[PDB]
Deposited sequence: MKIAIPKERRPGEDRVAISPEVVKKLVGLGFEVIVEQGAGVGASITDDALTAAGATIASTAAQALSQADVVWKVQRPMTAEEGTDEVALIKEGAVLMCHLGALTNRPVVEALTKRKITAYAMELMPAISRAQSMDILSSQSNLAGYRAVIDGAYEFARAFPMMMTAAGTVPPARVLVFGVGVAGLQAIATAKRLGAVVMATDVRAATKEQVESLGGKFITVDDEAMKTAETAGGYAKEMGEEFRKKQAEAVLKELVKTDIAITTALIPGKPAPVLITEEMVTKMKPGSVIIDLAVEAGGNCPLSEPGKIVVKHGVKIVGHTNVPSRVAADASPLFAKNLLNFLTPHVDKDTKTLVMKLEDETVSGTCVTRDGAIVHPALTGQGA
């Protein structure tokens, strides 16, 4: 077949849905790999590194997509009503695989449906063991947890680790991670790596284990223990998200009141409403001496690492549906990773969203 990966046109999107390693896997499966010129610049992947891997370079997005049987993209295709009709570049009846944001972006679903594109919403990857290697949310939110701490330390005018010194004892920074997670668990680990005293909370019971496994202090009706820790906290990282519904409010404005000056909040759910009210998307707000960070698209801040993984999730999702040197792709419907993520098909939105 013919497979195409365009550059991401949306503002601030530096990731790309491919890497040189995954190119070599695709050609080996019997694919022609098309990649738009400069798509991997934000992810530190040269066009040279892709040609060397076996891929073909297209000058424009349209060209790359024109003859593409299968299309790999990071974020949803932009419609005509958004200034760049990317949907019109995909060949009719072609397959689409990307982070569609299907449930919160229905006009894009119709646009694709109207072109008879069979689009797979990668974000709905069912919660099973074999499909975690296909899971884009974990893979990417994992980097977000890491980056959430690197952003913490960058805005923090104190040091993370404890340090006994001729000039006195530099105390260890105190981190409180809201919502254990792929993201949350990765925040915990990176913070502890830096030398901070990490604490953590979440509504899920079995949390304690993985938190304590990392050597983090799981907080143990129960809410009053956080307010007692949050006041001692230097870096507060919140990661709690809800599918479709807005983000939970774990840190209110009066909570910020009780925090030390020079004390940071990384609200990773900023885009989904935020876990902190005064956290604003794409900004660093200074409130009550507390810096409230609400960066948009955090996985894009680790583009060079975020991209190659994202590409493997797709590779993992696709591979078992290739025949044996038959040079054909066919997504076995009865497979639940296919069934659960197919949002639209053959000109009809064949999914629970009437």
Residues of the deposited sequence that never got C-alpha coordinates are 221-245, 380-384
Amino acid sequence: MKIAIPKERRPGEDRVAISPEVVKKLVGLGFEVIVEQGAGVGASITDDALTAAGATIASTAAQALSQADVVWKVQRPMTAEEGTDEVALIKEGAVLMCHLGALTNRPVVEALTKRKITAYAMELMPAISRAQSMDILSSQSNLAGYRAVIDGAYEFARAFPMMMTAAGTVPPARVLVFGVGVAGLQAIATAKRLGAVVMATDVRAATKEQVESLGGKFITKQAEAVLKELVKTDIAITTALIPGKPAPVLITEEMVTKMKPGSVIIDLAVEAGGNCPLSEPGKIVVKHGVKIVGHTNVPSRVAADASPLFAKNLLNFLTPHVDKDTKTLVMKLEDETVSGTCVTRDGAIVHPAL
From here on, numbers count along this sequence of modelled residues.
Mean Cα B-factor check, 119-127 vs 244-252, entry values; winner is 244-252
Determine, for stretches 226-234 and 88-96, which one has the higher mean CA B-factor as deposited.
-> 226-234
Top Cα B-factor in this entry, restricted to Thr328, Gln37, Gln63, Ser44, sits on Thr328
Top Cα B factor in the deposited entry, candidates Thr190, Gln75, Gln210, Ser141 = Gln210
Within this chain, which third does the Cα B-factor at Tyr154 fall in: lowest, middle or highest?
-> lowest
Position of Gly179 among the chain's modelled residues by C-alpha B-factor, lowest, middle or highest third = middle
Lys114 - which third its CA temperature factor falls in, relative to the rest of the chain = middle
Cα B factor band for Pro107 (lowest, middle or highest third within the chain) = highest
Using the B-factor values recorded in the entry, state whether the Cα atom of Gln186 falls in the lowest, middle or highest third among the modelled residues of its chain.
-> middle
